[PDB]
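S.K.: Here is the sequence, then the experimental structure:
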Amino acid sequence: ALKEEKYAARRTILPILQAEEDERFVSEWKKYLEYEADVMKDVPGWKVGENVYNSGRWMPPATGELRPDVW
Amino acid sequence: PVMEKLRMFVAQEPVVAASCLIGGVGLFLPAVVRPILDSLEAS
Amino acid sequence: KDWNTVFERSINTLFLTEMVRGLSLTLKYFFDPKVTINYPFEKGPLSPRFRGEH
Amino acid sequence: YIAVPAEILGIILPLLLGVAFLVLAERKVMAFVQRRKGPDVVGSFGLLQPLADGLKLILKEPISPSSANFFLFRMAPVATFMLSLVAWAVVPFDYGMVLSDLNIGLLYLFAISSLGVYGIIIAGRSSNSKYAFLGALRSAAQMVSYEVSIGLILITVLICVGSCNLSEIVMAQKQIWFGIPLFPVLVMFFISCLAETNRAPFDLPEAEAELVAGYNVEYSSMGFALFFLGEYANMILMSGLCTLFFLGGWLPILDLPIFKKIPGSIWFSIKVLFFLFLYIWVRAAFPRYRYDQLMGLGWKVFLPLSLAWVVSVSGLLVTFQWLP
Amino acid sequence: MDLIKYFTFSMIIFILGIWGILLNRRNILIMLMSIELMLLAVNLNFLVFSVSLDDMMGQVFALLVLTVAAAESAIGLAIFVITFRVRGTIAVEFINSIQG
Amino acid sequence: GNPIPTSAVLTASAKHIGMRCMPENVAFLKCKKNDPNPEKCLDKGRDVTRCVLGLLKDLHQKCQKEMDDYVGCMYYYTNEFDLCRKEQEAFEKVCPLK
Amino acid sequence: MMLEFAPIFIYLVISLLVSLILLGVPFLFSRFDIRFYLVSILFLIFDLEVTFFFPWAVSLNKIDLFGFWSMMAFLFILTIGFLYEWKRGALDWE
Amino acid sequence: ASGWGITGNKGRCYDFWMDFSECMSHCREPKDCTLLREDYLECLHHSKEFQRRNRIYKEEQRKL
Amino acid sequence: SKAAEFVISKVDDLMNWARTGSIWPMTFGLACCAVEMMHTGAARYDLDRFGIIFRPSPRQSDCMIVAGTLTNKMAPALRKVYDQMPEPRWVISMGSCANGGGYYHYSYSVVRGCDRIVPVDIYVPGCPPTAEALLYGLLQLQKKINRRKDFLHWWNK
Amino acid sequence: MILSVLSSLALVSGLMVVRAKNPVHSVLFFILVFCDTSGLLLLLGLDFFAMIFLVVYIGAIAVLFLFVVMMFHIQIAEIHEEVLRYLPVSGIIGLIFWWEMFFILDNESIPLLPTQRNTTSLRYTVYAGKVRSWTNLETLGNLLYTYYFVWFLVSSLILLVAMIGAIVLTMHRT
Amino acid sequence: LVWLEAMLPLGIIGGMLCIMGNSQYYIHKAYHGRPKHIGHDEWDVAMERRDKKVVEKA
Ligand SMILES: C[C@@H]1CC[C@@]2(OC1)O[C@H]1C[C@H]3[C@@H]4CC=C5C[C@@H](OCCC(CO[C@H]6O[C@H](CO)[C@@H](O[C@H]7O[C@H](CO)[C@@H](O)[C@H](O)[C@H]7O)[C@H](O)[C@H]6O)CO[C@H]6O[C@H](CO)[C@@H](O[C@H]7O[C@H](CO)[C@@H](O)[C@H](O)[C@H]7O)[C@H](O)[C@H]6O)CC[C@]5(C)[C@H]4CC[C@]3(C)[C@H]1[C@@H]2C
Ligand SMILES: C[C@@H]1CC[C@@]2(OC1)O[C@H]1C[C@H]3[C@@H]4CC=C5C[C@@H](OCCC(CO[C@H]6O[C@H](CO)[C@@H](O[C@H]7O[C@H](CO)[C@@H](O)[C@H](O)[C@H]7O)[C@H](O)[C@H]6O)CO[C@H]6O[C@H](CO)[C@@H](O[C@H]7O[C@H](CO)[C@@H](O)[C@H](O)[C@H]7O)[C@H](O)[C@H]6O)CC[C@]5(C)[C@H]4CC[C@]3(C)[C@H]1[C@@H]2C
Ligand SMILES: CCCCCCCCCCCCCCCCCC(=O)O[C@@H](COC(=O)CCCCCCCCCCCCCCC)COP(=O)(O)OC[C@H](O)CO
Ligand SMILES: CCCCCCCCCCCCCCCCCCCC(=O)O[C@H](COC(=O)CCCCCCCCCCCCCC)COP(=O)(O)OCCN
Ligand code: SF4
């Protein structure tokens, strides 16, 4: 019961934390897209922020670190 | 006449007999008592 | 021989009953006074017949 | 992280002092049972005896016999001493009083225990002495044999708790100390701890008078002291583990405000002291088994009983749905 | 670069096992040890892939492979022991009588 | 004025938040379930954030002292409810969950 | 999280240093017994038994009756092996 | 492909896997499921993503 | 050097205190004198209380007590055990037999004093010396150890 | 860098496994290799496997190897041989394996070149999976005994075979 | 009452254990500003990292 109390507490404040994180990531992604537009200016055939997945479904950017979340 | 053979086994191997009884209780409870408790809960 | 005596033997073997008495009377001497002599301030007893240095 | 070394030293140095005084306490209690005094000249009430013995040891010339395993011979005591030290990183003394709050702490302790055998084996083999080698082999076999029962008892506690975190194991005993329902398991654990630390009535390396040479017979000066210190630190650790698993660690005896006044570290210390006293008392009370007898006890008595307790506890908790 | 570095670690362990087979023609105990090294490298390969792919199958199989490694070493060392007992030596010239 | 919405403040107020911002929370979670893309969920996030910050300001206005003590203890014990029962009761007696 | 393992490493380094200091300051002023192999084999088997017990013990609340009986079958096989060893005299050191 | 994630949730690439499998379960020619298959493999290895980002880094190193 | 000598003497006092407070004899229990030695270690006199702990291996020993008659057959064994003792080390000769051959002096099989085989620091007279006499001899050994100035002699060498 | 350190330690320790003249020394170096492997496992976040590698590989398997090798008392004459004449055959076989097998992942798993820009801000955090995190231990235990229990039991059969074989091949009852 | 001599070394051991607990507890508290929290999981770490921003950027 003690654990469920803590876990319910985490559940009620989840949406606001997620919304904050979403706003942060969107702003950072816009900045990175402007950066890529500048760097790849004068490279023909480019498309800024092209989705590499054919389905077009959204995935977070891959990081190239095997297990970053545990450290 | 296997009723003092078990007596003799218990007298000579108390540790093995105790281990068998303890583990047998641990096996008997989920095998028999748990389905009974599950059945009484359904009704 | 009998279920009661076999049970009593099994319990005594499993519960180390006879090991308890040794622990108890070792513990009894723990609180009693000690026999050690505080040499050289205190000495052991000797008799007028003691054969020491010529 | 800059303050981490200070915490580590605040663990290691008082532990070494505690070992030095555990040796003195063993001598004192043994003497008092034997109606004598034990150390009482070197310092008041003999309280300076450990410092004098340590000073003597460091001022003793090392021997290092002309063996072909010069490196291994000196590294074996280092290995056993370091292993005795590092188990304390995960030991909690009170709520939040622990260096490493490992989620896998129980298995980590099991791993350290399993590693302890190598110092003894390497000391026996590297010493270039058939007696030391044979004694080391026998001691190693005894330790691995009783490690099985220790692991199974660990599993019994784990089934009750549902987490390998030592602090969680302590806090799971707020309702009742595990030593009450699992009292035979606690007795089994204490005996297995005696055998695992090569302590009486299982102290083969101490049986020189029985034509059984110990694994450290060729050692002098500080290698021998390292072996001794590791052994006594492991005794303190086994007492601490008995306290954590079955006597509720830092918890008070009764959940009452009168008992909650005194800090949890003091509760933990008092329980550890009780178990150390039992170590000494047992050494004072009984003769020792032969090697073959204790091996038979390890494999024929404690393993079957430990496995049976695992089965019984798990079956009972599953049946009535009392699992964590 | 993480995944290439984790994979080359296990890869050097595997190549070391292969080299130990190649370099130990008079020492079959080390040949057994080299085979364990290869098995350890494969086990590491399963664990790394499990993390990289976010999949548990690599972890289940790693545990089972550890069981196989243990049984393999037990039986192999028994066979080594009985070979030594029969011959009184472990030299390779005393285990070459079956040929042709 | 407006309390800094740190982990301590949010965790201490979590029960009030769950009782008060339930519709916004559920709507946000449904939209996240349908689409994990953060851009396609910003509106529901703003609704959630406004509800939560309004409730935070309200609770600060009603019981300032009890809220301060409860938040302070929660931060001191890293949001461990068990070590904070007294001030939790004091906070809930003056700022009822309703 | 693996954060808690870092103090263990620093602790190991410090313990090693203490060991070297203590050990280094005084430098300033053909009979094969098969029963050991057999006890090693038994320890290996029951070591793996404990290994497999750990996840089971922490997972009992989720695996329920099926997991309990599967582990029981595992133990039944291993205990038949143990009975075989017991009868054959592998556990006797006399 | 299994769906069991290493942290106790659905695996990262399992929805891609299931789309690919469901496509192949009724398309008599595997070339009709090529796009979903390469999406699954891209989720496993991120090859095209990292290649494109390396192109960006390359152009940055060229223009500096 | 008005400051170096004081620190040196303090160091030597610390070394002597450590070495007198922890004397770990190995017993060469040869004959009747070993029984009185056992009594010295027993409860009435309690050599433990002086820090004296008896060791089984010469490797962990600082002192050898020769308690009893030394025969010609045994002499090589005594010398080899003495040669395994790490420095610093001392030898106590206990009883007339070990001191000078005693009642067996004129025998064809007896070493006429263990000081023909090993250097002796203290001679404890008696046949056997009482347990208290052995304790007095051990206190004389402490007195001899307390004249050592190892650090000072090495500083000047 | 840290993986460079651990890989270098593993490389040297493994060479010592395969090249030490004394087999007891080989067993000890093998133990160093397993310690380094455990370090890598801790880097991957697999603490259960990191501990189990110590318990089983070092605590049980290496102990078995050490007991057997120590009681063998192998003389170096029985297993000595010069290895200078193997350098070429190891060179081709190693190179071919090196060129093929250290780089097999490169075409499938192309590394991300680390740039002079902070990509850490593009890490997206999903708090939903963080409400109730599972340990490596409980994630494995959720699967071993229910969904894949047959493989578990077959492994038990393998261990039973090991026990029977150990008895039948070596037992000499007094 | 002579047996009280033996209780002094045991009391010293107990005090040593109390030190190994409390000294490491107070050093951690002084450095981090609050006592160590048992059971720090992914959620708590994410909370602390986000709280650094929510505090410093205010
Ligand atoms: C019982 C017996 C006794 C014996 C025994 O057991 C048995 O005892 C056992 C005891 C064991 C030791 C226990 C413990 C460790 C520590 C571990 O070492 C941690 C290393 C990890 C953690 O390191 C950092 O982790 C976080 C950063 O990641 C830090 O967080 C910050 O950053 C956060 C984010 O901004 C902020 O939010 C936070 O606020 C902020 O604080 C955190 O502080 C810090 O710890 C991994 O880190 C690396 O990994 C990176 C990824 O690969 C590498 O990145 C690089 O490559 C990238 C491209 O790939 C490029 O993009 C990058 O630019 C480029 O740098 C890079 O090399 C490096 O970072 C190494 C293993 C070892 C020694 C064990 C050995 C084996 C034993 C001796 C066992 C032994 C067997
Ligand atoms: C031979 C020689 C002789 C001499 C010698 O050596 C040997 O002899 C040796 C013998 C040694 C003494 C032994 C013991 C102590 C006690 C210790 O003092 C208590 C430890 C502190 C923390 O630990 C507690 O707290 C834990 C958490 O609650 C308890 O856990 C609970 O909860 C768990 C979970 O539910 C359950 O599982 C547990 O069962 C349950 O108990 C844990 O048990 C308990 O110990 C006391 O804390 C307090 O101090 C705080 C300061 O900040 C104050 O905080 C306050 O102020 C904040 C700011 O505003 C606000 O935010 C806060 O809200 C607000 O509270 C406040 O006063 C109060 O908290 C002080 C050190 C001393 C004297 C040692 C000195 C040195 C020696 C004399 C040695 C000496 C050298
Ligand atoms: C040292 C102890 C030895 C113990 C030996 C005795 C027990 C050995 C195991 C024998 C098999 C089970 C016997 C127990 C009968 C009671 C089974 C029972 O109660 O039924 C449960 C189901 O029990 C089982 O089905 C488990 C069977 C265990 C598997 C035993 C193996 C049998 C053959 C397997 C074939 C695979 C090939 C073998 C490979 C070697 C009902 O559970 P549920 O359907 O309501 O929900 C499932 C669960 O609660 C949620 O996860
Ligand atoms: C608050 C105080 C807490 C104290 C905690 C620690 C307690 C003190 C522990 C130390 C006690 C003294 C230790 C020295 C004795 C060591 C020698 C042990 C020898 C031994 O194990 O003998 C075996 C029986 O004991 C055993 O088997 C031991 C295990 C007993 C477990 C009991 C198992 C069944 C219990 C009944 C449970 C039923 C209820 C649940 C359903 C049988 O071997 P043998 O060869 O000596 O045979 C001869 C029998 N005369
Ligand atoms: S001196 Fe006397 S008491 Fe001592 S051994 Fe010789 S005869 Fe026996």
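M.R.: In hand now; what should we look at? Numbering: from 1, shown residues only, chains lettered A, B, ... in the order given. Ligands and ions are numbered 1, 2, ... in the order given.

S.K.: May I have the residues that are in contact with residue 35?
M.R.: Using chain A. Neighbouring residues of residue A:35 by Cβ atoms under 8 Å, 6 or more residues apart in numbering or on different chains: residue J:117. Quick note: C-beta positions are derived from backbone N, CA and C, even for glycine.

S.K.: right idea, wrong chain: chain E
M.R.: Residue E:35 touches E:17, E:21, counting by Cβ under 8 Å, 6+ apart.

S.K.: ok, now residue F:57?
M.R.: F:1-3.

S.K.: Can you say which helix or strand has it in it?
M.R.: helix F:42-62 (DSSP states H and E).

S.K.: rewinding a little: are any of the contacts of residue F:57 buried, and if so which?
M.R.: In these, burial by neighbour count holds for residue F:3, counting by 16 or more other Cβ atoms under 10 Å in any protein chain shown.

S.K.: mind checking how far the helix or strand encompassing residue G:14 is from the chain centre?
M.R.: In this structure, residue G:14 sits in helix G:5-24 according to DSSP H and E. Taking Cα atoms, centre = their mean, to the nearest Å, one finds the center of helix G:5-24 at 24 Å from the center of the full chain.

S.K.: Show me what it is in contact with.
M.R.: Helix G:5-24 is contacted by residues D:1, D:4-5, D:7-9, D:11-12, D:58, D:74, D:77-78, D:81-82, D:85-86, D:89-90, D:99-100, D:102, D:222-223, D:225-226, J:42, J:47 when judged by Cβ under 8 Å, 6+ apart.

S.K.: Go through the longest helix anywhere in chain B and flag the buried ones.
M.R.: The residue-count maximum for a helix in chain B (DSSP state H) belongs to helix B:14-28. Across helix B:14-28, burial judged by 16+ other Cβ under 10 Å covers B:14-19, B:22-23, B:26-27.

S.K.: Which member of the residues you listed is positioned nearest residue F:50?
M.R.: residue B:26 (56.9 Å; Cβ to Cβ).

S.K.: I'd guessed that closest one sits against residue D:319; true?
M.R.: No: using Cβ atoms under 8 Å, residue B:26 makes no contact with residue D:319, being 9.0 Å away.

S.K.: near ligand 3, which residues of chain H show up?
M.R.: Residues of chain H lying close to ligand 3 (Cβ under 6 Å from any ligand atom): none.

S.K.: ok and the residue in chain H nearest chain B?
M.R.: Residue of chain H nearest chain B, by Cβ to the nearest Cβ: residue H:8 (25.9 Å).

S.K.: That residue: what's it in contact with?
M.R.: J:132-134, J:138-139, J:142.

S.K.: Show me where chain I has its helices.
M.R.: In chain I, the helices defined using DSSP H lie at I:4-21, I:33-41, I:75-83, I:95-100, I:131-145, I:150-156.

S.K.: Please work out which of those is packed deepest.
M.R.: helix I:95-100 (a mean of 25; mean count of other Cβ atoms under 10 Å in any protein chain shown).

S.K.: which secondary structure elements does that helix contact?
M.R.: helix I:33-41, strand I:63-67, strand I:122-124 (3 or more Cβ pairs under 8 Å, 6 or more residues apart in numbering or on different chains; DSSP states H and E).

S.K.: Distance to residue I:136 added to the ones you listed, as a markdown table?
M.R.: Converted to a markdown table, those look like this (distance: least, Cβ to Cβ, whole Å):
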| stretch | distance to residue I:136 |
| --- | --- |
| helix I:33-41 | 10 |
| strand I:63-67 | 14 |
| strand I:122-124 | 8 |
